[PDB]
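**Q** kindly return the folded structure for what I paste below:
(chains A and B, ligands or ions: 8)
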Amino acid sequence: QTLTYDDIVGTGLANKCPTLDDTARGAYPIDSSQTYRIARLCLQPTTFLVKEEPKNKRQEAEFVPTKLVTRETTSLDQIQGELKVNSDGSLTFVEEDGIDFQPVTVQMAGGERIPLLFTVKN
Amino acid sequence: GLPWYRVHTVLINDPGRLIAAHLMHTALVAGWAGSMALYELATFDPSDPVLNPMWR
Ligand code: CLA
Ligand code: CLA
Ligand code: CLA
Ligand code: CLA
Ligand SMILES: CCCCCCCCCCCCCCCC(=O)OC[C@H](COP(=O)(O)OC[C@@H](O)CO)OC(=O)CCCCCCCCCCCCCCC
Ligand SMILES: CCCCCCCCCCCCCCCC(=O)OC[C@H](COP(=O)(O)OC[C@@H](O)CO)OC(=O)CCCCCCCCCCCCCCC
Ligand SMILES: CCCCCCCCCCCCO[C@@H]1O[C@H](CO)[C@@H](O[C@H]2O[C@H](CO)[C@@H](O)[C@H](O)[C@H]2O)[C@H](O)[C@H]1O
Ligand SMILES: CCCCCCCS[C@@H]1O[C@H](CO)[C@@H](O)[C@H](O)[C@H]1O
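**A** Residues are numbered from 1 along each chain as shown, chains lettered A, B, ... in the order given. Ligands and ions are numbered 1, 2, ... in the order given. Dropping the coordinates below:
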């Protein structure tokens, strides 16, 4: 069943979030008397789009595709925090810690490089 | 000797050297085209085909 570091190292899989079977269409009960946490939140970006900036200011700018140039170094992972059950039965995730940012550089058509701090800090 | 404006007449009865002159001419023209296109790519701004197209 389970992969070791040696199985993963250099494959790209370390930058991927876990997936669930197509079979996983269930329901996870929330007991409002229980406290909860997210023990691991993982975010694997698959597309970065950048809003072009027109001279036009007439007509709205679109978000355009870009090419990632910093390789498989983009995901946020091992993030954790409290999952509060609120009085109206909504849940609120309050991020506490983890690998919660990655500098990322993507490149637009024509060469302009756009660095960003891809993040869910706080 | 030949006056300056007749120097290339040495090719009139030398088909191989005429071809060589022609080959040189074509090398020059094709190199002009390649160079011209590179200079245009170093200067062309592709970010506005509406108010800043190639012909502006
Ligand atoms: C397609 C262009 C071309 C070709 C294929 C030829 C080919 C020929 N020439 Mg002609 N010629 C040309 C253009 C050309 N010439 C030009 C523009 C001039 C005036 C400068 C001459 C003046 C000339 C003379 C006076 C003679 C020939 C002769 C000859 C023959 C022998 C080679 C030689 O001595 O060249 C001469 C060498 C050159 C002409 C060099 C050209 C000068 C350029 C501008 C320099 C290029 C350098 C660089 C790539 C660009 C710098 C540009 C700038 C930004 C600084 C041969 C049939 C000889 C001969 O056979 O006579 C019976 C001979 O005596 N040519
Ligand atoms: C395919 C076109 C073509 C070709 C292959 C020729 C070829 C020839 N010409 Mg003709 N000719 C042409 C078109 C052409 N000509 C045109 C358009 C005109 C009017 C401009 C002439 C007017 C003309 C005259 C009045 C004479 C010739 C002569 C000659 C012969 C000797 C050329 C020489 O040694 O110059 C040597 C040239 C130099 C050393 C320097 C010339 C520098 C020029 C003036 C400025 C620089 C030009 C620049 C490099 C080229 C870019 C060209 C491009 C923009 C077109 C040769 C058979 C001569 C002749 O019959 O000999 C018996 C002669 O007396 N030509
Ligand atoms: C089937 C026979 C055949 C073929 C295919 C050609 C084709 C050509 N000839 Mg002509 N020619 C022929 C028979 C032929 N010729 C015969 C029997 C004579 C009497 C000997 C001539 C006398 C003649 C003269 C005096 C001249 C030509 C030139 C040209 C060229 C002008 C276009 C050019 O340069 O474009 C640009 C070139 C390309 C886009 C490259 C094409 C790819 C090349 C041809 C592949 C090279 C490999 C090949 C094995 C080498 C020899 C090719 C040779 C058969 C042409 C072109 C390649 C002119 C030329 O050479 O100017 C440079 C020129 O001055 N020919
Ligand atoms: C249909 C297209 C075409 C034609 C017919 C020609 C024909 C000619 N070219 Mg080529 N050329 C072309 C396209 C063409 N060119 C292109 C697209 C380029 C890239 C820019 C060149 C680059 C080129 C170079 C670098 C050279 C030629 C030369 C020649 C001449 C070689 C035969 C000769 O001995 O003339 C004898 C010369 C003449 C008959 C006088 C031609 C006068 C021209 C038509 C007008 C020039 C006027 C003015 C004085 C220019 C001053 C320039 C100054 C401001 C810098 C001939 C007139 C060669 C040449 O001129 O050698 C002397 C030469 O060195 N050509
Ligand atoms: C892009 C690449 C560019 C590189 C090309 C650069 C090369 C260009 C060379 C051009 C120079 C040619 C000039 C040669 C000049 C030259 O040699 O003249 C004398 C020459 C006499 O020729 P002959 O047949 O007597 O032969 C003698 C030989 O020794 C000549 O090689 O006649 C011509 O050349 C005919 C046309 C020129 C007649 C022009 C006379 C001008 C009179 C003065 C005008 C100014 C005053 C006006 C006052 C209002
Ligand atoms: C080799 C050909 C070059 C011709 C270029 C002509 C362009 C002018 C346009 C057409 C008008 C022609 C009237 C000619 C009248 C005519 O019938 O001429 C024909 C004459 C040749 O005639 P012949 O063979 O009878 O020789 C007469 C000689 O013996 C002199 O008596 O051609 C020339 O003299 C060629 C040189 C003219 C050169 C003119 C000056 C070029 C200066 C270029 C400056 C360049 C600066 C470059 C900077 C980088
Ligand atoms: C075949 C052998 C010969 C090949 C060599 C010739 C190459 C010529 C290719 C031209 C295409 C590249 O053109 C070149 O692009 C870059 C990117 O926009 C421009 O670069 C400009 O913008 C960039 C991006 O903001 C700045 O970082 C840069 O300092 C500024 O100069 C150059 O000013 C331009 O001249
Ligand atoms: C013949 C090889 C020539 C070398 C080509 C340089 C790369 S291509 C070059 O790239 C720049 C940056 O992305 C662009 O801004 C420009 O539009 C484009 O022409």
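
**Q** CA only for contacts and neighbour counts going forward, please
**A** Will do.

**Q** neighbours of residue 4, how many?
**A** Let's take chain A. Burial measure for residue A:4: 7 neighbouring residues, criterion other CA atoms under 10 Å in any protein chain shown.

**Q** oops, I was thinking of chain B
**A** With neighbours defined by other CA under 10 Å, the count for residue B:4 comes to 7.

**Q** for chain B, which residues are neighbours of ligand 1?
**A** B:4, B:7-8, B:10, B:21, B:24-25 (CA under 6 Å from any ligand atom).

**Q** want to throw those residues into JSON lines with secondary structure and distance to ligand 2?
**A** Putting those into JSON lines (DSSP: H, G, I helix; E, B strand; the rest coil; distance: CA to the nearest ligand atom, whole Å) gives the following:
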{"residue": "B:4", "secondary structure": "helix", "distance to ligand 2": "6"}
{"residue": "B:7", "secondary structure": "helix", "distance to ligand 2": "4"}
{"residue": "B:8", "secondary structure": "helix", "distance to ligand 2": "4"}
{"residue": "B:10", "secondary structure": "helix", "distance to ligand 2": "8"}
{"residue": "B:21", "secondary structure": "helix", "distance to ligand 2": "10"}
{"residue": "B:24", "secondary structure": "helix", "distance to ligand 2": "12"}
{"residue": "B:25", "secondary structure": "helix", "distance to ligand 2": "10"}
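
**Q** just among those residues, which is most surrounded?
**A** When neighbours are counted as other CA under 10 Å, the busiest of the residues of chain B next to ligand 1 turns out to be residue B:21, with 14 neighbours.
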